[PDB]
Amino acid sequence: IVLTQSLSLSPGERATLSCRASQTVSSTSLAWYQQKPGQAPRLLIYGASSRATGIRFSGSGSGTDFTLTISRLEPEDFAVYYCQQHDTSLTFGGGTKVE
Amino acid sequence: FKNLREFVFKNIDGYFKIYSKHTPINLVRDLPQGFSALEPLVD
Amino acid sequence: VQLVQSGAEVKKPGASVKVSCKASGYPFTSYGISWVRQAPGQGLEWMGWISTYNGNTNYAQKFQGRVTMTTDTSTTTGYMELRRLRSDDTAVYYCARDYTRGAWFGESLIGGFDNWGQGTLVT
Amino acid sequence: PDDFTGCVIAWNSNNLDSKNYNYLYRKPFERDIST
Ligand SMILES: *[C@@H]1O[C@H](CO[C@@H]2O[C@@H](C)[C@@H](O)[C@@H](O)[C@@H]2O)[C@@H](O[C@@H]2O[C@H](CO)[C@@H](O[C@@H]3O[C@H](CO[C@H]4O[C@H](CO)[C@@H](O)[C@H](O)[C@@H]4O)[C@@H](O)[C@H](O[C@H]4O[C@H](CO)[C@@H](O)[C@H](O)[C@@H]4O)[C@@H]3O)[C@H](O)[C@H]2NC(C)=O)[C@H](O)[C@H]1NC(C)=O
Ligand SMILES: *[C@@H]1O[C@H](CO)[C@@H](O)[C@H](O)[C@H]1NC(C)=O
């Protein structure tokens with residue numbers, strides 16, 4: 001399965017990030033990651049909407065259309081976010097940069 | 001016959017319990033007369 | 001919990017590289033090791049997943065026949081051997097703790113890759 | 001079993017499984033999947 005991802009916003013603004021799947025997903029096998037420049041990615045959301053331990057961040061969606069939102073951007077949110085699907089093998093989207 | 005192998009097969013509450021015993025024999029007719037007890041190996 | 005990997009290496013095409021990963025802060029047996037590749041300017045690619053319990057390994061089609069993964073539970077480590085390297089393989093190779101698949105049963109789980117190492121750069 | 005020893009643990013999965021008609025239904029621990 002192939003994931004396609006689709007951000008210029010100031011700190012304090014609400015951000016919406018999204019990914020589309022070529023095929024439907026079990027939903028519970030959707031995860032989102034955050035990768036700061038110079039650092040390894042970390043898990044933010046798993047199970048479509050559940051928040052990972054240690055993580056304003058929230059996930060949701062169904063079928064082939066899912067999102068990740070940040071209620072208010074911080075200077076530390078200016079990272080590349082990734083959409084991961086792992087119900088049938090494993091795949092990631094290209095990634096979305098937030099500035 | 002030179003070797004005797006005995007088994008117990010029972011199916012209880014979804015479990016298939018297997019007991020067995022191995023012992024040498026010297027008899028070309030049927031099962032030798034005698035006594036031994038079989039022990040559980042597989043469940 | 002912390003994952004640590006080896007430093008960077010430079011290889012010529014046709015050469016092999018052995019990328020090591022060590023981890024601590026948790027029982028090793030219950031979590032698998034996921035290898036994820038990221039070429040400069042690119043996104044994340046799943047390479048494979050290995051069970052630290054029984055040795056079962058799943059691989060992404062792109063690396064099948066090229067990469068062999070193994071584990072050693074006595075040192076709390078895992079290794080990824082990449083054979084017949086190409087210039088196309090210049091990338092950072094990340095080791096991550098993996099809870100998207102069961103270490104004991106091999107079934108899909110509701111989770112993700114939580115604790116990542118720093119990434120080993122191989123040219 | 002009537003003399004069952006163990007623990008039964010359960011939780012709501014409305015936000016995990018529901019959409020979903022892929023869950024089918026009709027001795028102790030007998031699993032009869034004949035159709
Ligand atoms: C099913 O998976 C659930 C999620 O698992 C996590 O996420 C996945 C993607 C992987 O990364 C996996 O490795 C993660 O663990 C799992 O839920 C988790 O259960 C553990 C307990 O085993 C929880 O750890 C404890 O957290 C509390 C603090 O919780 C508060 O703060 C967090 C901040 O993120 C909030 O999200 C919570 O809602 C709370 O507000 C700690 O205080 C606690 O430490 C104390 O207890 C431990 C022993 O357990 C002692 O050693 C310490 O010294 C302390 O006394 C733990 O750290 C974890 O928070 C929880 N995560 C979530 C998101 O719910 C679930 O248990 C799994 N089910 C089964 C059957 O395994
Ligand atoms: C096993 O099959 C027989 C028919 O040969 C049936 O009468 C019996 O009820 C079945 N037992 C169980 C536990 O389904």
# chains A, B, ... in the order shown; residues from 1 in each chain; ligands from 1
$ select_by_dssp --residues "chain C" --states "strand (DSSP E or B)" --output "JSON, numbers by chain"
{"C": [2, 3, 4, 5, 9, 17, 18, 19, 20, 21, 22, 23, 24, 32, 33, 34, 35, 36, 37, 38, 45, 46, 47, 48, 49, 50, 57, 58, 59, 67, 68, 69, 70, 71, 72, 77, 78, 79, 80, 81, 82, 91, 92, 93, 94, 95, 96, 97, 98, 101, 108, 116, 120, 121, 122]}
$ residues_around --residues "region 74-76 of chain A" --least-positions-apart "6" --cutoff "10 Å" --atoms "only C-alpha atoms" --output "list in words"
residues 10, 11, 12, 13, 14, 36, 56, 98 and 99 of chain A
$ write_last_selection --atoms "N, CA, C and O atoms" --output "compact mmCIF listing (two decimals), in the first residue's frame"
# COMPACT_ATOMS: atom_id res chain seq x y z
N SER A 10 2.62 30.15 11.64
CA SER A 10 3.33 30.76 12.74
C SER A 10 3.08 29.97 14.03
O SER A 10 2.11 29.22 14.12
N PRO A 11 3.95 30.10 15.04
CA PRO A 11 3.72 29.59 16.37
C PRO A 11 2.41 30.19 16.87
O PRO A 11 2.12 31.36 16.62
N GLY A 12 1.61 29.38 17.55
CA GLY A 12 0.32 29.81 18.06
C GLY A 12 -0.84 29.46 17.13
O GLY A 12 -2.00 29.52 17.54
N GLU A 13 -0.54 29.09 15.88
CA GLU A 13 -1.60 28.73 14.94
C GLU A 13 -1.91 27.24 15.01
O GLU A 13 -1.08 26.45 15.44
N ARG A 14 -3.12 26.87 14.59
CA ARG A 14 -3.51 25.47 14.54
C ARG A 14 -3.02 24.82 13.26
O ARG A 14 -3.19 25.37 12.17
N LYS A 36 12.67 15.72 14.22
CA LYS A 36 13.32 17.02 14.26
C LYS A 36 14.60 16.91 13.44
O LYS A 36 15.22 15.84 13.44
N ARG A 56 -1.43 18.63 23.14
CA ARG A 56 -1.76 19.42 21.96
C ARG A 56 -1.79 18.56 20.70
O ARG A 56 -2.29 19.00 19.66
N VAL A 98 6.86 21.08 8.72
CA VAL A 98 6.13 22.21 9.29
C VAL A 98 7.12 23.30 9.70
O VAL A 98 8.12 23.01 10.36
N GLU A 99 6.86 24.55 9.28
CA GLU A 99 7.71 25.72 9.56
C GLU A 99 6.96 26.76 10.39
O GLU A 99 7.50 27.80 10.75
$ residues_near_ligand --ligand "ligand 2" --cutoff "8 Å" --atoms "only C-alpha atoms and all ligand atoms" --output "MDAnalysis selection string"
chainID D and resid 27 30 32
$ write_last_selection --atoms "N, CA and C atoms" --output "short mmCIF file (atom, residue, chain, number, x, y, z; two decimals), in the first residue's frame"
data_model
loop_
_atom_site.label_atom_id
_atom_site.label_comp_id
_atom_site.auth_asym_id
_atom_site.auth_seq_id
_atom_site.Cartn_x
_atom_site.Cartn_y
_atom_site.Cartn_z
N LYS D 27 -19.07 -28.81 24.27
CA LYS D 27 -18.20 -29.09 25.40
C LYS D 27 -17.30 -27.86 25.68
N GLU D 30 -14.34 -26.31 23.31
CA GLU D 30 -14.47 -26.91 22.00
C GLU D 30 -14.62 -25.82 20.95
N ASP D 32 -15.59 -25.39 17.28
CA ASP D 32 -16.18 -25.97 16.09
C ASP D 32 -16.38 -24.91 15.02
#
$ closest_atom_pairs --of "chain D" --to "chain A" --cutoff "9 Å" --atoms "only C-alpha atoms" --output "JSON lines"
{"residue": "D:15", "atom": "CA", "partner": "A:28", "partner_atom": "CA", "distance": 8.9}
{"residue": "D:16", "atom": "CA", "partner": "A:28", "partner_atom": "CA", "distance": 6.3}
{"residue": "D:17", "atom": "CA", "partner": "A:26", "partner_atom": "CA", "distance": 8.5}
{"residue": "D:19", "atom": "CA", "partner": "A:62", "partner_atom": "CA", "distance": 8.9}
$ residues_near_ligand --ligand "ligand 1" --cutoff "8 Å" --atoms "only C-alpha atoms and all ligand atoms" --output "PDB file with N, CA, C and O atoms, in the first residue's frame"
ATOM      1  N   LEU A  43       7.644   8.433  18.069  1.00  0.00           N
ATOM      2  CA  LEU A  43       6.218   8.133  17.932  1.00  0.00           C
ATOM      3  C   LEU A  43       5.343   9.128  18.680  1.00  0.00           C
ATOM      4  O   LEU A  43       5.557   9.377  19.866  1.00  0.00           O
ATOM      5  N   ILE A  45       1.509   9.413  17.726  1.00  0.00           N
ATOM      6  CA  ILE A  45       0.171   8.836  17.709  1.00  0.00           C
ATOM      7  C   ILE A  45       0.230   7.403  17.220  1.00  0.00           C
ATOM      8  O   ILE A  45       0.984   7.086  16.303  1.00  0.00           O
ATOM      9  N   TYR A  46      -0.564   6.541  17.829  1.00  0.00           N
ATOM     10  CA  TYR A  46      -0.669   5.152  17.411  1.00  0.00           C
ATOM     11  C   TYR A  46      -2.125   4.741  17.541  1.00  0.00           C
ATOM     12  O   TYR A  46      -2.880   5.365  18.283  1.00  0.00           O
ATOM     13  N   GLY A  47      -2.553   3.720  16.822  1.00  0.00           N
ATOM     14  CA  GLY A  47      -3.937   3.305  16.986  1.00  0.00           C
ATOM     15  C   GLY A  47      -4.881   4.352  16.412  1.00  0.00           C
ATOM     16  O   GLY A  47      -5.983   4.546  16.926  1.00  0.00           O
ATOM     17  N   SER A  50      -4.642   7.284  19.462  1.00  0.00           N
ATOM     18  CA  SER A  50      -4.102   7.208  20.818  1.00  0.00           C
ATOM     19  C   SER A  50      -2.782   7.950  20.935  1.00  0.00           C
ATOM     20  O   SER A  50      -1.933   7.890  20.047  1.00  0.00           O
ATOM     21  N   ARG A  51      -2.596   8.641  22.050  1.00  0.00           N
ATOM     22  CA  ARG A  51      -1.376   9.403  22.258  1.00  0.00           C
ATOM     23  C   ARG A  51      -0.295   8.573  22.936  1.00  0.00           C
ATOM     24  O   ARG A  51      -0.550   7.912  23.944  1.00  0.00           O
ATOM     25  N   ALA A  52       0.910   8.608  22.373  1.00  0.00           N
ATOM     26  CA  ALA A  52       2.052   7.881  22.912  1.00  0.00           C
ATOM     27  C   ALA A  52       2.533   8.534  24.204  1.00  0.00           C
ATOM     28  O   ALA A  52       2.422   9.748  24.386  1.00  0.00           O
ATOM     29  N   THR A  53       3.082   7.723  25.097  1.00  0.00           N
ATOM     30  CA  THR A  53       3.555   8.209  26.382  1.00  0.00           C
ATOM     31  C   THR A  53       4.637   9.271  26.226  1.00  0.00           C
ATOM     32  O   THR A  53       5.592   9.098  25.469  1.00  0.00           O
ATOM     33  N   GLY A  54       4.478  10.377  26.957  1.00  0.00           N
ATOM     34  CA  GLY A  54       5.443  11.475  26.948  1.00  0.00           C
ATOM     35  C   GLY A  54       5.086  12.583  25.958  1.00  0.00           C
ATOM     36  O   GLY A  54       5.719  13.640  25.946  1.00  0.00           O
ATOM     37  N   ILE A  55       4.077  12.343  25.134  1.00  0.00           N
ATOM     38  CA  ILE A  55       3.646  13.304  24.128  1.00  0.00           C
ATOM     39  C   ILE A  55       2.628  14.299  24.706  1.00  0.00           C
ATOM     40  O   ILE A  55       1.692  13.883  25.389  1.00  0.00           O
TER      41      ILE A  55
ATOM     42  N   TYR C  99       7.022  -2.297  18.547  1.00  0.00           N
ATOM     43  CA  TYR C  99       5.852  -2.877  19.195  1.00  0.00           C
ATOM     44  C   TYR C  99       4.652  -2.917  18.235  1.00  0.00           C
ATOM     45  O   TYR C  99       3.502  -2.950  18.665  1.00  0.00           O
ATOM     46  N   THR C 100       4.927  -2.929  16.926  1.00  0.00           N
ATOM     47  CA  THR C 100       3.876  -3.032  15.903  1.00  0.00           C
ATOM     48  C   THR C 100       3.651  -4.486  15.523  1.00  0.00           C
ATOM     49  O   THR C 100       2.756  -4.811  14.741  1.00  0.00           O
ATOM     50  N   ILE C 110      -1.274  -3.006  17.812  1.00  0.00           N
ATOM     51  CA  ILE C 110      -1.628  -1.597  17.810  1.00  0.00           C
ATOM     52  C   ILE C 110      -0.556  -0.839  18.576  1.00  0.00           C
ATOM     53  O   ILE C 110      -0.513  -0.870  19.804  1.00  0.00           O
ATOM     54  N   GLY C 111       0.326  -0.179  17.840  1.00  0.00           N
ATOM     55  CA  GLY C 111       1.500   0.441  18.426  1.00  0.00           C
ATOM     56  C   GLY C 111       2.303   1.206  17.385  1.00  0.00           C
ATOM     57  O   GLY C 111       1.751   1.725  16.413  1.00  0.00           O
ATOM     58  N   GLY C 112       3.607   1.290  17.611  1.00  0.00           N
ATOM     59  CA  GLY C 112       4.516   2.027  16.743  1.00  0.00           C
ATOM     60  C   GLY C 112       5.954   1.807  17.191  1.00  0.00           C
ATOM     61  O   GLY C 112       6.231   0.945  18.031  1.00  0.00           O
ATOM     62  N   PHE C 113       6.868   2.580  16.622  1.00  0.00           N
ATOM     63  CA  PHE C 113       8.281   2.484  16.956  1.00  0.00           C
ATOM     64  C   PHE C 113       8.578   3.620  17.932  1.00  0.00           C
ATOM     65  O   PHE C 113       8.689   4.778  17.528  1.00  0.00           O
ATOM     66  N   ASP C 114       8.631   3.320  19.223  1.00  0.00           N
ATOM     67  CA  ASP C 114       8.708   4.399  20.203  1.00  0.00           C
ATOM     68  C   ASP C 114      10.113   4.941  20.462  1.00  0.00           C
ATOM     69  O   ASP C 114      10.341   6.148  20.361  1.00  0.00           O
ATOM     70  N   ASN C 115      11.044   4.067  20.809  1.00  0.00           N
ATOM     71  CA  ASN C 115      12.395   4.495  21.155  1.00  0.00           C
ATOM     72  C   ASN C 115      13.412   4.175  20.058  1.00  0.00           C
ATOM     73  O   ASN C 115      13.694   3.010  19.766  1.00  0.00           O
TER      74      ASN C 115
END
$ interface_residues --of "chain C" --to "chain A" --cutoff "10 Å" --atoms "only C-alpha atoms" --output "ChimeraX atom specification"
/C:38,41-49,58-61,92,94-96,100-101,107-119
$ closest_residue --among "D:14, D:22, D:2, D:28" --to "residue 12 (chain B)" --atoms "only C-alpha atoms"
D:28
$ closest_residue --among "A:16, A:37, A:73, A:66" --to "residue 40 (chain C)" --atoms "only C-alpha atoms"
A:37
$ closest_residue --among "B:28, B:14, B:41, B:19" --to "residue 1 (chain B)" --atoms "only C-alpha atoms"
B:28
$ select_by_dssp --residues "chain C" --states "helix (DSSP H, G or I)" --output "list in words"
residues 61, 62, 63, 87, 88 and 89 of chain C
